[PDB]
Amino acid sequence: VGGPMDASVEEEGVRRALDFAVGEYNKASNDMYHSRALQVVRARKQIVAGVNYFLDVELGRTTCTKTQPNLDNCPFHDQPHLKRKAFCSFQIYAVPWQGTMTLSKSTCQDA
């Protein structure tokens, strides 16, 4: 067992998480009426750690379609309307022990 763990709905962090969640639900709803918690049937919490990778990368369009092999070292386009380049900023959230990675943020401006 390495999963979540029960917590009383009294504990303040729960209390704040709940109000937050409910706030967000109402904010996103199309209902003109306000909804609120009727009953918190179960509350669990879990401390997690991960690593954010913040990459500032320059990307170039290669000459290879995504349907061919050897894309890793494939030649960049150099022709007039085919060549494109972009400066990008990536944020990857990694949780090592789980082997997972998540693209948290991603923007690119064609330079």
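The numbering used is simple: start at 1 and walk along the sequence shown.
Asker: Taking only the CA atoms, which stretch has the higher mean B-factor in the record, 69-77 or 45-53?
Answerer: For C-alpha atoms only, the mean B-factor is higher in 69-77.
Asker: Check the entry's C-alpha temperature factors for 54-62 and 78-86, then say which stretch has the higher mean.
Answerer: In the deposited entry, the stretch with the higher C-alpha B-factor mean is 78-86.
Asker: For residue 9, return the chain-relative third of its C-alpha B-factor as stated in the PDB record: lowest, middle or highest.
Answerer: Highest third of the chain for residue 9's C-alpha B-factor.
Asker: Among the modelled residues of its chain, does the C-alpha B-factor of residue 104 lie in the lowest, middle or highest third?
Answerer: Its C-alpha B-factor belongs to the lowest third of this chain's values.
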